[PDB]
Structures are given as structure tokens and as C-alpha cells.
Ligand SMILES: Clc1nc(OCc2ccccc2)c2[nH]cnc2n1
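We begin with a single chain expressed as C-alpha cells, specifically the form deposited without 6-benzyloxo-2-chloropurine.
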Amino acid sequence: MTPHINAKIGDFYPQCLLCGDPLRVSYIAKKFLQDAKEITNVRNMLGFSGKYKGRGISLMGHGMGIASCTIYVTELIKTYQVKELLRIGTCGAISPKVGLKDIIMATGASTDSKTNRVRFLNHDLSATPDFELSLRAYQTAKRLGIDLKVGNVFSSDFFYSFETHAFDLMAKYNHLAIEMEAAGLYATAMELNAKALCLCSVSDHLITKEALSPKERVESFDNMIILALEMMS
């Protein structure tokens, strides 16, 4: 249908989990969904529709960076009528308020991108999630015993940053971690009147430098997946 998704109209459920890595999307479909069908694979960016506890759920990869995320989110909403979009992924922690295995809920997404200035009159758009989705994540995390850390993330155009000197100031201003898409997901969902939320798993701390083991990374990812799937049930 679109240049970036070759799903049929109606192949997506109204609730979609998102992740930058299509191989992690494939992992979720294989391990946690029943009767998962691969509904799109343009550019090797996979998406699925399947069932979780008898409920329809879609998954979609969106690549790295705001520009990539924006393309997929725009088509999911405008063409495939996706209504709720829940991004899960990893991040680099920068605040002493979080450590390994923590799950962050981004109630705002700051950015060094110019995309929101281009969208929003050259002013400051405060990119935020849908509040109802954030309430649902908080309530589901509590039911599951997850100690959800809530604050801003900083969405960067740079994985190899030229501004590492600024990470301390970012953390002072309640930015818990750096990632690369949340500001784009949030601004696109605001633009198109859809519900979006970003959860981040702390696998690595950019300041204190601790990393999770390959085992621990699978453990903490599964914990975030279950949280996400449970709030969409």
C-alpha cells in the first residue's frame, strides 16, 4: 500500500507495539504471540498481527532515529488506522535515579532534532504521550510488581554523540535516559490525533558504565514485553 509497508488494508489491529529492531519484533511474535502472521516486510522491517490472551495485537519495527520512526508511525496511523502505539526499547541511562533493569516511562521527550521546530512554527513543542496510555502503564506495572521510573527521555539524532559533556545537565532536568525515536513518535501521534507511549528498558548506564549480561538483557526485555502486552489486553 505504502512505500514502506506492504500489509493489506485491515491487517493491523488498532493496538500496536513498536520497536526499532525488526529482529526484536520477530522475537516477540515467536515467543509471546499465538498464530502470529508476518504482515509486512518492506526493507526487512517486519510487522506482525497475532493474539495475546485471546486479544488481537500488532507489532511493527520502525528503525533507528526520528526520521525513520516518523515514516512508519505516520503510515500506521494514516493508512492502517492504528489507534494506540506503544514503543518499547532499550536506552542509555544518564540519571542516578535509574539503574540496570529499570523500566522508564517517558512522560516527555526532549530532542536535539529540528523536526519539531519545523512542525511547530519554529517554537518549542513539548512532545508528550497520551495521558490515558501512561495511566494504563502505571496501573499495569503496579499490578505486575514493576517499579516504573517516570520522567523525560532525551531523543537524539546522534548515537555517537558530540555533546556527551551535556549528559549531566540533561539528568539534572529529569531526563532519565537517551534514546533516538520517542520525540518523533510523540510529535507524530500529536499531529495525527493518535495515542502513543514510550517505555525504555535500562540495559546500559552511560555515566556509571554498568551493562547487563546477555542473559540479563533477555530477562529485562521479557519483563517489558509482558508489561506492554498486559496493558494492551
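Numbering starts at 1 and runs along the sequence shown. Basically, rigid core = biggest C-alpha set you can superpose within 1.5 Å across the two forms. Residues that one form lacks are left out of the comparison.
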| task | Quick one: say whether 98-106 or 127-135 has the higher mean Cα B-factor in the deposited entry. | result | 98-106
| query | Mean C-alpha B-factor higher for 204-212, or for 167-175? | reply | 204-212
| Member of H62, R43, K195, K53 with the greatest C-alpha B factor (per the PDB record) | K53
| task | Could you look up the Cα B-factor of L33 in the entry and say which third of the chain it sits in: lowest, middle or highest? | result | highest
| field | Chain-wide C-alpha B factor ranking for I71, given as lowest, middle or highest third | value | lowest
| task | Tell me, lowest, middle or highest third: where does the Cα B factor of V82 rank within its chain? | result | lowest
| request: Would you mind ranking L148 by its C-alpha B-factor against the rest of the chain and naming the third, lowest, middle or highest? | output: highest
| query | If you rank every modelled residue in this chain by C-alpha B factor, which third holds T90: lowest, middle or highest? | reply | highest
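A second form of this protein, the form solved in complex with 6-benzyloxo-2-chloropurine, is not displayed here; the remarks below concern that form.
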| Contact residue in the deposited bound form, from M180, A171, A29, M45 (heavy atom within 4.5 Å of 6-benzyloxo-2-chloropurine) | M180
| Between the options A137, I103, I94, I77, which residue brings a heavy atom to within 4.5 Å of 6-benzyloxo-2-chloropurine in the deposited bound form? | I94
| query | Even though 6-benzyloxo-2-chloropurine is not shown here, does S49 get within 4.5 Å of it in the deposited bound form, heavy atoms only? | reply | no
| Does 6-benzyloxo-2-chloropurine come within 4.5 Å of any heavy atom of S203 in the deposited bound form? | yes
| message | At 4.5 Å between heavy atoms, is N116 in contact with 6-benzyloxo-2-chloropurine in the deposited bound form? | response | no
| task | Decide whether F131 counts as a contact residue for 6-benzyloxo-2-chloropurine in the deposited bound form under a heavy atom distance cut-off of 4.5 Å. | result | no
| query | With the partner removed from view, which of 49-57, 188-196, 33-41, 171-179 is the stretch that lies within 4.5 Å of 6-benzyloxo-2-chloropurine in the deposited bound form, judged by heavy atom distances? | reply | 171-179
| task | Give the consecutive runs of 3+ residues, present in both forms, in which every C-alpha shifts by 2 Å or more between this form and the one not shown after rigid core superposition. | result | 210-220
